[PDB]
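>>> Mind folding the following:
(5 chains, ligands or ions: 2)
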Amino acid sequence: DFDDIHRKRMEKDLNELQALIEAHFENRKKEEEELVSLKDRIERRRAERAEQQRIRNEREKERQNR
Amino acid sequence: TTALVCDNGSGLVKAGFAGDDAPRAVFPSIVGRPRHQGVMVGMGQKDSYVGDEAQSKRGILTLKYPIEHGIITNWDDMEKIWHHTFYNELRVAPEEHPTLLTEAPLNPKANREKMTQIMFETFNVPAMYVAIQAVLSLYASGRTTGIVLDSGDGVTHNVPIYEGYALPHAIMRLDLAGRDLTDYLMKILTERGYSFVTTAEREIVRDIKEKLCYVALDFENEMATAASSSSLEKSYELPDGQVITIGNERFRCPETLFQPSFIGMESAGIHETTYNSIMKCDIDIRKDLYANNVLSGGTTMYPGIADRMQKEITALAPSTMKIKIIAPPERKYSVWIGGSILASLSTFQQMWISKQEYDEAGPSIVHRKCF
Amino acid sequence: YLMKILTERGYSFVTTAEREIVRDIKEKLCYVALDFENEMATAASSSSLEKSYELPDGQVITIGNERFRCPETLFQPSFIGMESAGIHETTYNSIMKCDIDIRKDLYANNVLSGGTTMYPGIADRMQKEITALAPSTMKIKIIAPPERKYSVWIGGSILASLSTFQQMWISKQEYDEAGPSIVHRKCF
Amino acid sequence: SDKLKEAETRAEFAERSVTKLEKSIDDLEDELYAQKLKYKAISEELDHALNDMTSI
Amino acid sequence: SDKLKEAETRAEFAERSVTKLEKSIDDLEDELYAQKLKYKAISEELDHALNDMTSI
Ligand SMILES: Nc1ncnc2c1ncn2[C@@H]1O[C@H](COP(=O)(O)OP(=O)(O)O)[C@@H](O)[C@H]1O
Ligand SMILES: [Mg+2]
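Numbering: from 1, shown residues only, chains lettered A, B, ... in the order given. Ligands and ions are numbered 1, 2, ... in the order given. There you are, the coordinates:
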C-alpha cells in the first residue's frame, strides 16, 4: 500500500499536463484563425450582396417610378 | 460478476460499477411532483420527475429531497430514486449484481434495516453490504491511519482510525452541513434585496454558493477589508438576467462551519470538533492522527479551507506536533472511489450479506457479524 | 376611438350602420407606428402619409395622422381614458408573475393571435417595447404566423381531432345527472 | 381596383419591412463577427499562455 | 387583370423573402447568443482562475 500512489499520480502529473497543453494548442490553432478568416470572407460576400441589392433596388425603382 | 457501488448520500446520488475511477452517473436526489394544473392534452406529462430530469423542469415542480440528515424520511421517494438509479442511469437489472450502500455513522437502526429489507425484497439483489462513509474515504487516500472529516451535504461526521482499528468512542457527528449553509446563504442574501423563497430557487442559491463563496483565512480582517474597499464584490447572472452582486456574503456563508453560532447551533466548529475527537483518543496515537488529518465530502471543496483548518488546529494543538491536512483534488468522489476499491478486494468477497442468510435471520442481520 | 377622432377632419359617422364603414377604414388603412413621436412629427410636416378611401357612395376621404393614432391606443390605453397599461406592458407583467426559472422560455416564445394583432407593423413595435422592458441578456422573439385571425379555430380543430381528447366531452347523460353546473366540474 | 390597391400597399409595406430587416441582418452579422474576433483574440492570448505552459 | 397578376406575383415573392429572412435572423441570433454566453463563461472562469492565483 501507498506504493501505487506514485504509479497513479506521477503518470498524470506530467502526461495529463502535456496532453492538455497539446489539446489547447491544437484547438486554438484550428479554431481562432480559421474563424476570423472565415468571418472576414463572409463579410466580403455580405458587402458584395449589399452592392447587388443596391443596384437592383435602384434600377427597379428607376423603371417602376410612374 | 461485477458489484454495484451505490452511494445514497444526501444531495447527490453517486453510483457506478466497482473497479473504475469515477462514478458512472451523478445526479441530484430530488423527486418533484408538478404543482400547477396543466392544460395541454396528450403532452405525456408524468406524475413525478426524479433525478436530473427535475433539475430542468424545476420551474413548475416542487422539489423535495427524500433524505434529510443522513436518515431517510420518505421511503417511497427513496425507493423511486433507487429504481431510477438502477434502471435508467445504469441500465443493469439488480437481479444479477451485488450492491454496496453507504451510511453515515450513528444513524438510527430502523433506517439501515429498512434499507436492507428494500434491497432484498423489492429490487431482489443477490447480496448487499452497508459500510460507514468515512472508512471508504480513508481507503481512497491509500492510508491506513488518520482521522477523516467527511463534511457531506447532510451531516458532518469525524471518524478517527488507527492502524485499521476504528475507535468507536471518538466519533463526533455534527448535523451542520451543506444544506444548512445553503439556507443561511439564502437568509443573508436578503440583506441586499434579493429574496429567494421557492424550493426551486434554493437550487439557484446553491449554485451561487458553489461558484462564489470561499472560506476566509482570517475572518475579522476580511470583514474589515470588505467594508472599506470593493475588491471582493463578484457579480453573478441569474437564470433570467438581472445580475446580482455578492459583497461580504461571500465568506460569511461558509464561515458558519467554524462558528455554528451563526445559525444558532450551540456546538463548536469543524475546527474544534476534530481536536476534541483527537483528544478522546489514546495518548500514543495522537501524533499520527495529527499528521494524517484527512478531508473528504463535497462541502470541504471551498477555496481556502485546507489552510484555515490547518491554522486553527495548529493554534489549538501543542506546538511540537506537526499538523498536516490531506486534501486530495478528487475530494467530492472520495467516498465512492474508496467504495470501489473496497468492493474490488478479494479479501472482502466473503463479507457480503448473502440472501439465504437474510432469509434465515430477517432484516436484523445487518447489525450482526456481517456489519 | 377611430370614429371619434375622424370628427377632427369633418367626417361624422353616428349611425350603427356607419360603424361598419369605420371598421372597414380601420382594417384597410390603419397601421401601428414603430416610434410614435417621430411619426407624429413626420405626419405634421410632410404629406406622404395621407391615404384616401372611397366611401360606399363616393366623396373620398383623406386620413392623415389618424392612421397610426387609432391603433396606438393598444400601447397607451390612456387615450380612451382607460387607466391600465398597454399590451406591451401587461405581457411583461404577466411574465414577471411567473416563476423565475421559466421566464427565459416565455420570453423566447411570445405568441400573437386574434384578429386585432393583424395591424401592419405590430410584431416589431411590440418586440421593441418588450426588449426595452426586459433584461438585456434574454432573447425576445415574437411569433406572428400569417394565419393569425383563424389561429384559435385551427387550434380548436386540432384539439377536436385528437384521440386522447375523445373522452373529455361532456356527455348528455352526465348533464342529466348533475345539471348545467357540470361544466365547472372535472369536465372543465 | 380594391384588390390591386391592397396588393400594392401591402407590397410597399413588405419592401420597407424587408429593407429594415436587411439592415438588421447586417448589423447583427457584423456585431457577431466582431464579438467572435474578440473571442479568438482571447483564445490566442490563452494559446500564448499555453505555449508558456509548454514549460510543462 | 394584367396589373393584378403582376402585383400578386411580386407580392408573393416579397412575402416568401420576408419569411426566409426572419428564419435566417432567428438562427444567426441563436448562434450569436450562444457565443455571447460562451464569452461570459470564459471571462468568468478566467476571473475564477485569477482568484485561484490570488489564493495560491
Ligand atoms: N465545488 C463546490 N464548492 C462548494 N461547495 C460544493 C461544491 N460542490 C458541492 N458542494 C456542496 O456539497 C454538496 C454535495 O455534497 P456531497 O459530497 O455530494 O454530499 P453526499 O455526501 O450526500 O454525497 C452540495 O450540496 C454543495 O452544497
Ligand atoms: Mg458523502
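>>> Around the single nearest residue of the stretch 201-350 of chain B relative to chain D, count how many other residues there are.
Scanning the stretch 201-350 of chain B for proximity to chain D using CB to the nearest CB identifies residue B:329 as nearest, at 16.4 Å. Using the backbone N, CA and C atoms, a C-beta is placed for each residue, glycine as well. Residues lying near residue B:329 (other CB atoms under 10 Å in any protein chain shown) number 7.
>>> Also the one 10 residues further on?
Number of residues near residue B:339 (other CB under 10 Å) recorded here: 30.
>>> what ranges do the strands span in the stretch 201-350 of chain B?
B:234-238, B:241-246, B:293-296, B:325-326 (DSSP state E, counting those that start in this stretch).
>>> With distance to chain D and mean neighbour count as extra columns, can I get these in JSON lines?
What follows is the strands of the stretch 201-350 of chain B, written out as JSON lines (distance: least, CB to the nearest CB, whole Å; neighbours: other CB atoms under 10 Å in any protein chain shown):
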{"stretch": "strand B:234-238", "distance to chain D": "17", "mean neighbour count": "15"}
{"stretch": "strand B:241-246", "distance to chain D": "18", "mean neighbour count": "15"}
{"stretch": "strand B:293-296", "distance to chain D": "26", "mean neighbour count": "26"}
{"stretch": "strand B:325-326", "distance to chain D": "24", "mean neighbour count": "19"}
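>>> Among the ones you listed, which comes closest to ligand 2?
strand B:293-296 (7.5 Å; CB to the ion).
>>> coming back round to it: can you redo the strands of the stretch 201-350 of chain B as CSV with distance to residue D:37?
As requested, those are exported to CSV (distance: least, CB to CB, whole Å):
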stretch, distance to residue D:37
strand B:234-238, 23
strand B:241-246, 25
strand B:293-296, 44
strand B:325-326, 46
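>>> nearest to residue B:337, of the ones you listed?
Nearest to residue B:337, of all the strands of the stretch 201-350 of chain B, is strand B:293-296, at 10.1 Å by CB to CB.
>>> Kindly format the C-alpha coordinates of that closest one as PDB.
Extracted in PDB, the C-alpha atoms of strand B:293-296 (Å, rounded to 0.1, in the frame of the first residue of the first chain):
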ATOM      1  CA  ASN B 293      -5.800  14.600   9.100                       C
ATOM      2  CA  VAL B 294      -8.000  13.800   6.000                       C
ATOM      3  CA  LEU B 295     -10.700  15.900   4.400                       C
ATOM      4  CA  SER B 296     -13.400  14.500   2.300                       C
END
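>>> Mind giving me the packing neighbours of it?
Contact here means 3 or more CB pairs under 8 Å, 6 or more residues apart in numbering or on different chains; DSSP states H and E; on that basis strand B:293-296 packs against helix B:133-140, strand B:146-151, helix B:305-316, strand B:325-326.
>>> residues from the stretch 201-350 of chain B in reach of ligand 2?
Within the stretch 201-350 of chain B, the positions near ligand 2 by CB under 5 Å from the ion are residue B:335.
>>> Regarding residue A:55, what is its secondary structure?
Using DSSP: H, G, I helix; E, B strand; the rest coil, the secondary structure recorded for residue A:55 is helix.
>>> Output the helix or strand in which residue B:33 is found as PDB, nothing but the C-alphas.
In the assignment (DSSP states H and E), residue B:33 maps to strand B:31-34. Output of strand B:31-34 as PDB, limited to C-alpha atoms (Å, rounded to 0.1, in the frame of the first residue of the first chain):
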ATOM      1  CA  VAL B  31     -38.300  14.000  -6.600                       C
ATOM      2  CA  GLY B  32     -40.700  16.700  -7.700                       C
ATOM      3  CA  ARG B  33     -44.400  16.400  -8.300                       C
ATOM      4  CA  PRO B  34     -45.900  19.100 -10.600                       C
END
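>>> What lies in contact with that strand?
By CB atoms under 8 Å, 6 or more residues apart in numbering or on different chains, the surrounding residues in contact with strand B:31-34 are B:45, B:47-50, B:54, B:57-58, B:60-64, B:66, B:77, B:80-81.
>>> of those, buried ones?
Listed as buried from the contacts of strand B:31-34 are B:49, B:50, B:54, B:57, B:58, B:60, B:61, B:63, B:66, B:77, B:80, B:81; burial here means 16 or more other CB atoms under 10 Å in any protein chain shown.
>>> What is the burial count for the closest residue to ligand 2 within chain B?
The nearest approach of chain B to ligand 2 comes at residue B:152, 3.7 Å away (CB to the ion). Counted with other CB under 10 Å, residues neighbouring residue B:152 total 25.
>>> check contacts around the residue lying closest to it once chain neighbours are set aside.
In this structure, residue B:152 finds its nearest non-sequential neighbour in residue B:297, 4.4 Å apart by CB to CB, 6 or more residues apart in numbering or on different chains. The contact partners of residue B:297, taken as CB under 8 Å, 6+ apart, are B:137, B:149, B:150, B:151, B:152, B:153, B:156, B:331, B:332, B:334, B:335.
>>> which of the residues you listed has the most neighbours?
Neighbour-wise, those (other CB under 10 Å) top out at residue B:335, 31 neighbours.
>>> related to what we said a few turns ago, residue B:179 is in contact with the residue of chain B closest to ligand 2, correct?
No - counting by CB atoms under 8 Å, residue B:179 is not a contact partner of residue B:152; they are 9.4 Å apart.
>>> Give the residues shared as contacts by these two.
Counting by CB under 8 Å, 6+ apart, the shared contacts of residue B:152 and residue B:179 are B:10, B:11.
>>> Find the centremost residue of the chain, please.
Went with chain A since none was named. Closest to where the C-alpha atoms of chain A average out (CA atoms, centre = their mean) is residue A:35, at 2.7 Å.
>>> cool, chain D as well?
Centroid check for chain D by CA atoms, centre = their mean gives residue D:29 as the closest residue, at 1.4 Å.
>>> Please list all residues in contact with that one.
Residue D:29 touches A:42, A:43, A:46, E:28, counting by CB under 8 Å, 6+ apart.
>>> So what sits opposite the closest residue to residue B:51 other than its chain neighbours in the bridge?
Distances taken as CB to CB, 6+ apart put residue B:27 closest to residue B:51, at 4.5 Å, once the chain neighbours are dropped. Beta bridges link residue B:27 to residue B:13 when assigned by DSSP bridges.
>>> And for residue B:27, the neighbour number?
Around residue B:27 there are 21 other residues, counting by other CB under 10 Å.
>>> Would you mind stating the distance between it and chain C?
18 Å (CB to the nearest CB, to the nearest Å).
>>> One more: residue B:149?
From residue B:149 to chain C the distance is 35 Å (CB to the nearest CB).
>>> which SSE is the residue nearest to that residue when sequence neighbours are not counted in?
In space, and not counting its chain neighbours, residue B:149 is closest to residue B:158: 4.9 Å by CB to CB, 6+ apart. In the assignment (DSSP H and E), residue B:158 maps to strand B:156-162.
>>> Need phi/psi at residue B:108.
Dihedral angles phi and psi of residue B:108 (degrees, to the nearest 10) take the values phi -60, psi 150.
>>> what number of residues lie near the closest residue to it other than its chain neighbours?
Spatial nearest neighbour of residue B:108, excluding adjacent residues (CB to CB, 6+ apart): residue B:71 at 5.8 Å. By other CB under 10 Å, the residues close to residue B:71 number 16.
>>> so who does residue B:71 touch?
Applying CB under 8 Å, 6+ apart, the residues contacting residue B:71 are B:107, B:108, B:111.
>>> 10 Å instead, please
B:10, B:103, B:104, B:107, B:108, B:110, B:111, B:112, B:154, B:155 (CB atoms under 10 Å, 6 or more residues apart in numbering or on different chains).
>>> wait, isn't the third one in contact with residue B:153?
No - taking CB atoms under 10 Å as the contact criterion, residue B:104 and residue B:153 are not neighbours in contact, 11.2 Å apart.
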